[PDB]
């Protein structure tokens, strides 16, 4: 009845993806406004891209995603500004956005110290959705793979969260039973729903911003604001 494995989301759970991604946007705005003499049109372009990205995370992706997310910019520039297509400016914007966010994707020192002290009591797995190319780059950017007994990327797999199969696979990977695992993540629709679907021992929601969820949304077993609260939490579930 003791916890034998803990699964961890990556984005906005272990690394500040959102903060990093907006930092990239800020640089793109800084670029367009200063260099290419833009005003408030730049901020509109970034919003269009941001919503374009959301309507593309559909699974199972195809590659090259680079060509896709780059096209997301040229489609965005033309809508706000206008004129002929500018693949060069789109290429610049994307890689500036990409290079910026990846450098800000790092594991905090106290987060590293938490993961290190935790894997000597339970096994650790990294369970993240997204395409192979994009996610693996993040993994390398924050060098987290060294901290986990296993890493599983949804794009590389048959199904992602919240589908229970990918959870069952993680369990087989570590030779454990779903009832011995706890899922930790910050998205209800994937991390939490998935944990409930796959009958895991517990689900832990990361809610630092203090969202009050709808009654119809998945209900976690636990709710905390930081991943630093797990050791005490996991010790209370008895491990």
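Residue numbers count along the first chain shown, from 1.
As listed in the deposited structure, the average C-alpha B-factor of 42-50 and of 194-202 is greater for 42-50. Look at the mean CA B-factor for 230-238 and for 3-11 in the entry; the higher one is 230-238. As recorded in the entry, 81 carries the highest CA temperature factor of 81, 161, 138, 158. Comparing C-alpha B-factors across 77, 114, 125, 143 in the deposited entry, the largest value falls on 77. Split the chain's modelled residues into thirds by C-alpha temperature factor. Residue 73 is in the highest one. When all modelled residues of the chain are sorted by CA temperature factor, residue 90 is found within the highest third. For residue 188, the recorded CA B-factor ranks within the lowest third of the chain. Only modelled residues enter the ranking. Per the PDB record, residue ranking by Cα B-factor puts residue 32 in the highest third of the chain.
Ranked against the other modelled residues of its chain, the C-alpha B-factor of residue 181 as given in the entry falls in the middle third.
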